[PDB]
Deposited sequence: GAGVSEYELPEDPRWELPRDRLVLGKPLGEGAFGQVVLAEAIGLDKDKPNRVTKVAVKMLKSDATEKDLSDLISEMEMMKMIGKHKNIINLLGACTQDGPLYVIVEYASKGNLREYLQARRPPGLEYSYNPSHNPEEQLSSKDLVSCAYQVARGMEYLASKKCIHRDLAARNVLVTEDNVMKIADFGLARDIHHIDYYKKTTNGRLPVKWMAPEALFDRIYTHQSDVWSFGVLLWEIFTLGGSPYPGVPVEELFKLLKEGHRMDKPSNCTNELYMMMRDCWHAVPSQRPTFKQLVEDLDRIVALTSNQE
């Protein structure tokens, strides 16, 4: 059995399980309604996402889900990350309950708003980047390295708030399969800094490289990096120092940002604290017209 933790325990009967949002292989995420999540409002329901372990799941799968939950407890709350809201741990299968993001991942959100029901100004796109940088600056401030920052791991709420997700996932790095694709058919190696990819060294500076690729995804409205490039050719591109071309409808100043994220020398990349401040000024100067 699992240890009881009254900071986070929600009685099982206060959770009304709904439809599946999809499955990992370790688990399954469902939409749910939580009744009386706040102590002050016991008669209010809150929509929430609920993680739980699929059927034929092992001890390793369990401990991995537990590690993720414990990490989110230590990291604390921020507007631009997916926050932990409670857990059902006792007398039945483990549920971890987190903030629900109604508008899906940022990649989907962006592709759905491409020119042909809703469109995005240049201010909105820069604001999107500012929010992800903020979440990242917070995460970094609590000593967390994401290791897979990408538009697909950013979620968007009903109020269009960007939230970093999957920042507490268990990795067991160097067991990563470079050939295996996302369900969308893309390859996660295309977001990884060369030091993380060749030498398996992960740092905040490598997450900054990943954030550059994310900026490029945002300004191409959800484009796919290096389309048609398989793993071995990607390796050759990185060795040669190739850098992705500037998206149309991206200012020079934002492209220079991406390129600074993609500095071959990790120490010379900007920090998330620096990116936050620059994006803050750029948002303010960018037209919504």
Ranges of the deposited sequence (numbered from 1) for which no C-alpha atom is modelled: 1-7, 124-135, 309
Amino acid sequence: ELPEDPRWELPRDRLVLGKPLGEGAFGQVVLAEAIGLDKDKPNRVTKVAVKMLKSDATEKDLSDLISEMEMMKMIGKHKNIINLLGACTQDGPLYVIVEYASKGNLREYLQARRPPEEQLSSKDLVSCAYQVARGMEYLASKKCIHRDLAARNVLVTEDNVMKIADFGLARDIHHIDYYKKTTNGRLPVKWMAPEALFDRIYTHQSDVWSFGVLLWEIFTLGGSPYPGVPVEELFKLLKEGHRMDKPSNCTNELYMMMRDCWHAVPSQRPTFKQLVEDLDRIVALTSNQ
From here on, numbers count along this sequence of modelled residues.
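Rigid core here is just the name for the largest C-alpha set that superposes within 1.5 Å across the two forms.
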Larger mean CA deviation from the shown form in 7 other deposited structures of this protein [core fit; 148-156 vs 82-90]: 82-90
Stretch with larger C-alpha RMS deviation in 7 other deposited structures of this protein, core superposed, 8-16 versus 277-285: 8-16
May I ask whether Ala196 is missing from the deposited models in at least a third of the other compared entries? no
I'd like to know whether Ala25, which is modelled here, goes unmodelled in a third or more of the other compared entries that cover its flanking residues. yes
In the PDB record, does 201-209 or 91-99 carry the higher mean Cα temperature factor? 91-99
101-109 versus 167-175 - greater average Cα B-factor per the deposited record: 167-175
Among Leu279, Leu21, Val265, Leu10, which carries the highest Cα B-factor? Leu21
Top Cα B-factor in this entry, restricted to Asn184, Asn153, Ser141, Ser127, sits on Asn184
Please place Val48 in the lowest, middle or highest third of its chain according to the CA B-factor in the PDB entry. lowest
Would you check the entry's CA temperature factor for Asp260 and let me know if it's in the chain's lowest, middle or highest third? lowest
In terms of the chain's CA B-factor thirds, is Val132 lowest, middle or highest? lowest
Among modelled residues of the same chain, the CA temperature factor third for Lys190: lowest
Looking at the temperature factor on the CA atom of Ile82, which third of the chain's modelled residues does it land in? lowest
